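In the text below, chain A, chain B and the rest are named by the order of the sequence lines, each starting its count at 1. We use all heavy atoms of the structure for the numbers below, so side chains are in, but hydrogens, waters and symmetry mates are not.
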Amino acid sequence: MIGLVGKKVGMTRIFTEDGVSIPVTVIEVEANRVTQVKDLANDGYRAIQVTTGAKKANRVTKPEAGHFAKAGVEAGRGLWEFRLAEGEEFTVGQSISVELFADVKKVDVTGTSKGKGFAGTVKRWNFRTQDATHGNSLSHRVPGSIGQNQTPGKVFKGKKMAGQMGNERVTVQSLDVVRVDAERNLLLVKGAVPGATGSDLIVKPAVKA
Amino acid sequence: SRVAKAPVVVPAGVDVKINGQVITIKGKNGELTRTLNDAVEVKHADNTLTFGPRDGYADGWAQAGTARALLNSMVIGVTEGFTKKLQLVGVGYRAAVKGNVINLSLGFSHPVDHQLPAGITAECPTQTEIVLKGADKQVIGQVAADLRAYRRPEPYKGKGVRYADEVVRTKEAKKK
Amino acid sequence: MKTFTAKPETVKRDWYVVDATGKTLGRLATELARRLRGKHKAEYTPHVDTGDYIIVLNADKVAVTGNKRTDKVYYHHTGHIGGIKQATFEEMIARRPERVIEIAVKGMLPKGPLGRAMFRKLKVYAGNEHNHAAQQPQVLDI
Amino acid sequence: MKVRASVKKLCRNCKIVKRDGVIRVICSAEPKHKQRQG
RNA sequence: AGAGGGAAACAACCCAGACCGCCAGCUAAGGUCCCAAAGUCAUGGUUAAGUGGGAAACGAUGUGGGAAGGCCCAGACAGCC
RNA sequence: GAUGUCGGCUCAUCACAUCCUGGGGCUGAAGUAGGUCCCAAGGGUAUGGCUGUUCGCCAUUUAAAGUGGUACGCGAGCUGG
RNA sequence: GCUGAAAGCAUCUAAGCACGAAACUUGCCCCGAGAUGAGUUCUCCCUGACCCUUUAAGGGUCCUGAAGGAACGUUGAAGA
Ligand SMILES: [Mg+2]
Ligand SMILES: [Mg+2]
Ligand SMILES: [Mg+2]
Ligand SMILES: [Mg+2]
Ligand SMILES: [Mg+2]
Ligand SMILES: [Mg+2]
Ligand SMILES: [Mg+2]
Ligand SMILES: [Mg+2]
Ligand SMILES: [Mg+2]
Ligand SMILES: [Mg+2]
Ligand SMILES: [Mg+2]
Ligand SMILES: [Mg+2]
Ligand SMILES: [Mg+2]
Ligand SMILES: [Mg+2]
Ligand SMILES: [Mg+2]
Ligand SMILES: [Mg+2]
Ligand SMILES: [Mg+2]
């Protein structure tokens with residue numbers, strides 16, 4: 001099934017009447033408007049392109065404005081594609097609401113994880129810290145050895161080193177749908193999802209069980 | 001050779017149709033079709049079939065002897081068909097066929113259901129017996145092997161699916 | 001009087017179609033390598049690409065002798081440690097049938113900038129149809 | 001299964017068979033006699 | 001203290017001893033499908049293992065060739081009663 | 001006219017003659033549990049006491065506490081017993 | 001394992017057919033068209049003169065400056 005594009009509102013909890021606290025992530029899912037439908041004939045694959053939210057007319061460019069005018073929808077804050085499964089039909093301009101997840105039990109949420117910047121090997125790869133005392137000289141959080149002697153004579157590709165951590169696409173799979181509030185454009189999933197408050201999220205039904 | 005040098009008499013009621021190498025045979029029990037190897041040409045005649053090694057191939061005589069035995073069973077399948085009987089040995093073991101699916105209870109925690117392939121019939125005269133009937137000798141032998149594979153006869157009490165004819169050789173558990 | 005040398009500006013190249021159906025992989029590749037390089041033209045010079053453009057159809061129908069259909073292995077290393085990948089012939093055919101002929105010919109071409117330029121004149125197609133009718137390619141019954 | 005470099009008939013019922021380029025010994029009487037060259 | 005050609009690369013192996021020049025020819029070792037100059041040469045065989053393109057004792061109804069031998073239409077060998 | 005030499009730490013990587021998990025054959029395989037061989041390298045594969053120790057012994061775990069290569073991997077990374 | 005000759009039998013194999021493992025190829029996640037073999041789709045923008053010369057993927061002057069971009073500023077759960 002296709003998914004929806006929402007916004008991470010934040011985290012809260014839902015008390016069940018039998019005394020269980022469920023940590024939930026509130027996802028604001030406004031109406032996703034279909035802006036383009038791709039088919040095998042013209043594009044070689046079946047998919048829809050949706051937009052969501054609103055955008056000030058002074059910030060949309062003429063190339064983007066003409067794309068939205070072609071579909072007859074108001075300009076959103078971005079465009080996202082969803083591969084169509086066999087049997088799903090959508091028309092351009094059609095609006096898709098959060099009630100699509102009315103009977104969906106588990107979802108996969110995709111977002112951009114929070115950026116940690118340049119991270120050391122201790123933080124990024126869970127390397128073990130060397131001794132803090134016992135003679136250690138300037139080598140407390142350094143990665144240690146990075147290879148073998150002359151026989152390889154090089155560092156292997158994919159070696160775990162310090163570098164940029166976070167600020168990348170991350171998918172969390174099989175999150176229980178706690179509540180679908182159609183009239184308020186809310187979707188409550190159990191657990192935590194990638195990204196900071198206010199970031200865009202892509203919510204699809206769970207590809208696994 | 002010695003098998004290929006014995007012509008196969010095709011009786012009345014059944015017909016043959018040679019189309020280059022692909023051969024087909026119709027009869028009362030059904031119809032069969034089979035492509036023969038390029039190393040052998042089959043010569044049609046009066047109601048008897050002759051196989052010989054086609055020149056240009058060294059293994060013709062070995063390949064010819066197979067086609068002889070192949071269609072010799074093809075003509076038997078379209079007239080008499082083939083039958084194989086399995087007998088279940090062991091308490092609780094009982095089979096029952098409904099439609100083209102066997103319902104075996106071989107002591108597993110789950111029911112095992114084997115789907116018959118198109119062209120093979122089955123029936124259970126009793127709970128601990130199953131008889132299969134069909135035209136193709138190879139396919140009826142394959143199905144019997146699969147049912148036997150669900151619970152192969154163990155060598156201590158003979159329990160499991162076995163062929164009604166074959167003899168299982170048991171052995172005792174050495175004490176002490 | 002110096003020996004004649006072909007000039008890249010004045011060399012003419014023809015277009016050809018080859019049906020790889022049933023052809024032996026190697027004995028077809030050598031004939032392609034000759035014509036891609038231009039060894040069949042009297043104006044052949046080593047440092048100039050005087051070859052022809054060749055279109056190969058039905059690349060998935062190419063034939064091999066012996067047990068090579070299941071035993072010929074194509075190795076390649078991804079550059080990552082332990083990244084030695086392999087694929088037999090018939091799965092190369094099932095996945096990327098054009099790669100089989102392209103790999104065979106690539107090994108028979110010279111190595112270097114000119115060799116890579118000759119390889120660009122080879123258009124391999126898995127199916128029977130090609131969209132180079134505008135080039136009017138001549139049937140090469142090889 | 002005995003996997004050895006020298007396979008031989010161990011009784012009257014042992015039969016030598018070559019399957020897929022591997023010399024094997026199959027015995028309809030003694031399962032201990034089952035061998036394969038390797 | 002010896003270049004050249006061959007042996008993929010390879011002082012000591014194989015061919016062969018560089019006075020200089022040539023956009024001439026014939027050969028040696030070694031080669032002649034493509035990389036890469038020259039036979040997708042001819043005739044008759046063998047191999048199916050990519051053997052060729054690494055290895056022993058030993059094992060094996062792989063297969064080719066050869067010379068004999070036992071038994072056999074007084075019915076042998078195999079199968080079946 | 002210098003290739004820093006044991007062990008530890010950190011970080012590894014490959015081989016398979018496999019320690020666990022997976023698939024099998026045989027068993028002097030009733031079951032449970034084993035023995036042995038074949039296939040299999042995807043992942044996994046202890047913490048302490050003593051000793052500079054590798055190792056080993058011991059205690060207690062674990063599905064298991066694999067064997068080796070890598071300048072007896074790794075001092076322009078640490079340590080210096 | 002099935003069928004089955006070579007080898008009147010037998011035989012999982014030689015022709016043919018079926019099973020079969022955390023290995024293999026997929027399936028899951030991420031990167032990814034500098035994939036120079038540089039791909040595809042959608043949308044947007046630009047519709048003036050004139051001279052020279054060896055006359056062509058030529059040079060020059062005047063007019064024109066779009067879509068968009070960059071810069072600058074306020075900044076960010078983005079960041080050396
Ligand atoms: Mg940040
Ligand atoms: Mg520590
Ligand atoms: Mg110091
Ligand atoms: Mg190197
Ligand atoms: Mg040389
Ligand atoms: Mg001299
Ligand atoms: Mg000459
Ligand atoms: Mg040549
Ligand atoms: Mg010839
Ligand atoms: Mg070899
Ligand atoms: Mg020095
Ligand atoms: Mg190691
Ligand atoms: Mg092994
Ligand atoms: Mg895998
Ligand atoms: Mg060391
Ligand atoms: Mg060092
Ligand atoms: Mg000291």
Side-chain angles (χ1 to χ4, degrees), chain A residues 36 38 42-44 49 61-67 69-70 114-115 117-118 127-128 130-131 134-139 142-152 156 159-160 167-171 173 196-199 207-208, chain B residues 1-4 6 34 36-37 39 59 61-70 73 137-139 141-142 144-146 149 156-157 172-174, chain C residues 1-3 26-27 29-30 33-34 37 66-68 71 81-82 86-87 91 95 107-111 115 120, chain D residues 1-8 15-21 23 26 31-32 34 36-38:
Chain A
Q36 185 180 359
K38 300 187 178 181
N42 183 258
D43 313 60
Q49 183 190 58
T61 73
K62 277 189 173 57
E64 308 175 319
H67 187 68
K70 171 79 168 302
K114 309 210 301 186
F118 203 107
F127 276 15
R128 298 318 185 193
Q130 302 183 38
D131 274 348
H134 292 290
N136 186 283
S137 289
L138 320 179
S139 279
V142 296
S145 190
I146 66 174
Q148 307 83 23
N149 209 313
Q150 116 167 239
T151 290
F156 288 136
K159 186 72 181 58
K160 293 176 180 179
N167 198 22
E168 45 176 283
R169 176 191 179 96
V170 174
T171 294
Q173 295 181 318
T197 295
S199 45
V207 57
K208 293 180 180 181
Chain B
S1 266
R2 190 181 302 187
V3 176
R34 163 181 297 277
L36 306 201
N37 189 8
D59 58 331
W61 273 123
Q63 292 285 323
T66 60
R68 203 276 177 188
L70 252 50
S73 317
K137 185 181 183 183
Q138 187 269 345
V139 183
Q142 178 67 31
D146 309 348
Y156 293 107
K157 293 181 62 179
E172 67 89 61
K174 183 38 211 162
Chain C
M1 185 280 309
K2 306 193 131 133
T3 298
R27 305 191 177 269
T30 60
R34 287 188 63 256
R37 194 182 187 188
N67 299 321
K68 278 182 283 188
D71 300 8
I81 180 64
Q86 77 167 242
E91 50 197 71
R95 201 192 81 257
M108 302 182 187
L109 289 180
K111 314 302 178 299
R120 296 182 177 99
Chain D
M1 182 81 72
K2 305 188 190 307
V3 185
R4 51 183 59 175
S6 150
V7 292
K8 283 128 59 180
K15 304 302 151 22
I16 306 292
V17 198
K18 184 179 180 182
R19 295 172 178 169
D20 304 39
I23 304 300
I26 65 174
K32 281 184 177 182
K34 192 164 57 177
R36 57 149 306 198
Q37 205 172 34

Across the strands shown, which category fits [X] at heavy-atom distances under 4.0 angstrom: base, sugar-phosphate, nothing?
X: C:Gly66; answer: nothing
X: A:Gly117; answer: sugar-phosphate
X: A:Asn167; answer: sugar-phosphate
X: A:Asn149; answer: base
X: D:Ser6; answer: sugar-phosphate
X: A:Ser139; answer: sugar-phosphate
X: B:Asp146; answer: nothing
X: A:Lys62; answer: sugar-phosphate
X: D:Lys8; answer: sugar-phosphate
X: A:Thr151; answer: sugar-phosphate
X: B:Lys157; answer: nothing
X: B:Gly65; answer: sugar-phosphate
X: C:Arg37; answer: sugar-phosphate
X: A:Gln173; answer: sugar-phosphate

Looking at [N], does its base get a donor-acceptor pair with the side chain of [X] below 3.5 Å?
X: A:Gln36; N: G:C42; result: no
X: B:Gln138; N: G:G4; result: no
X: B:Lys137; N: G:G4; result: no

What nucleotide among [options] has an atom nearest to a side-chain atom of [X]?
X: D:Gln37; options: F:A30, E:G59, E:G50; value: E:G59
X: C:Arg120; options: E:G50, G:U36, F:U27; value: G:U36
X: B:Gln142; options: F:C37, G:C2, E:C34; value: G:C2
X: A:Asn42; options: G:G4, E:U40, G:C42; value: G:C42
X: B:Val3; options: G:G68, G:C28, G:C9; value: G:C9
X: A:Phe156; options: F:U13, G:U41, G:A18; value: F:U13
X: D:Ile23; options: E:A60, F:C78, G:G8; value: E:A60

Using the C1'-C2'-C3'-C4' torsion, classify the pucker of [N] as north or south, with positive meaning north.
N: G:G37; value: south
N: G:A70; value: north
N: G:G8; value: south
N: F:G24; value: north

Identify the residue among D:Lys8, D:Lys2, D:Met1 that makes a side chain to side chain contact (heavy atoms under 4.5 Å, CB included) with D:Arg4.
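That would be D:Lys2; it is the only one of D:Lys8, D:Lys2, D:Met1 passing the side chain to side chain contact (heavy atoms under 4.5 Å, CB included) with D:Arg4.
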Verify the contact: side-chain N or O of [X] to OP1 or OP2 of [N], cut-off strictly under 4.0 Å; return yes or no.
X: D:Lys2; N: F:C38; value: no
X: A:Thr171; N: G:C30; value: yes
X: A:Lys70; N: G:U43; value: yes
X: D:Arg19; N: G:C12; value: yes
X: D:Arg4; N: E:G59; value: no
X: A:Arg169; N: G:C30; value: yes
X: B:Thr66; N: G:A15; value: no
X: D:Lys34; N: F:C26; value: yes

Separation between the [atom1] atoms of [N] and [M], rounded to whole Å:
N: E:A38; M: E:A57; atom1: P; answer: 45 Å
N: F:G66; M: F:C20; atom1: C1'; answer: 9 Å
N: F:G52; M: F:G7; atom1: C1'; answer: 7 Å
N: G:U40; M: E:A48; atom1: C1'; answer: 49 Å
N: F:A40; M: G:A21; atom1: P; answer: 15 Å
N: F:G8; M: F:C55; atom1: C1'; answer: 14 Å
N: G:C44; M: G:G68; atom1: P; answer: 12 Å
N: E:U61; M: G:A10; atom1: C1'; answer: 13 Å

Could you tell me whether the side chain of A:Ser139 and the main chain of A:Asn136 form a donor-acceptor pair under 3.5 Å?
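No; judged by distance alone, with no hydrogens or angles, the pair does not exist.
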Keeping the roles fixed (side chain from B:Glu172, backbone from B:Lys174), state whether a donor-acceptor pair exists under 3.5 Å.
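Yes, because the side chain of B:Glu172 sits within donor-acceptor range (under 3.5 Å) of the backbone of B:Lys174.
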Which nucleotide, if any, forms a Watson-Crick or G-U wobble pair with [N], using both distances under 3.5 Å?
N: F:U13; value: F:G69
N: F:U36; value: F:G25
N: E:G50; value: none
N: G:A49; value: G:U61
N: F:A63; value: none
N: G:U55; value: none

Watson-Crick or G-U wobble pair, F:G42 with F:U21, both distances under 3.5 Å
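Yes; the pair between F:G42 and F:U21 satisfies the definition, which requires both distances under 3.5 Å.
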Watson-Crick or G-U wobble between E:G62 and E:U43, both distances under 3.5 Å?
no
If each of A:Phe127 and A:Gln150 is mapped to the nucleotide of RNA chain F with the nearest heavy atom, which maps nearer the 5' terminus, i.e. the 5' end?
A:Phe127
Whichever of D:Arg36 and A:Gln130 has its nearest RNA chain F nucleotide further upstream toward 5'
D:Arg36
Looking at F:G73 and its strand neighbour F:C72, are the six-membered base rings less than 5.5 Å apart at the centres with planes tilted under 30 degrees?
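The answer is no; the two bases are not stacked.
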Within a reach of under 6.0 Å around NZ of B:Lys157, are more than 12 heavy atoms found that belong to other residues, nucleotides or ligands?
no
Quick check: on RNA chain E, is the nucleotide nearest C:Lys2 upstream (toward 5') of the one nearest D:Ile16, or the reverse? Name the residue that is more 5'.
C:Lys2
Between C:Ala33 and B:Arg2, whichever has its closest RNA chain E nucleotide further toward 5' is C:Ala33
Should D:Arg19 and D:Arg36 count as side-chain neighbours, where that means a heavy-atom distance under 4.5 Å?
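No, their side chains stay 4.5 Å or more apart.
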Given the 90°-from-0 boundary between syn and anti, F:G75 should be labelled syn
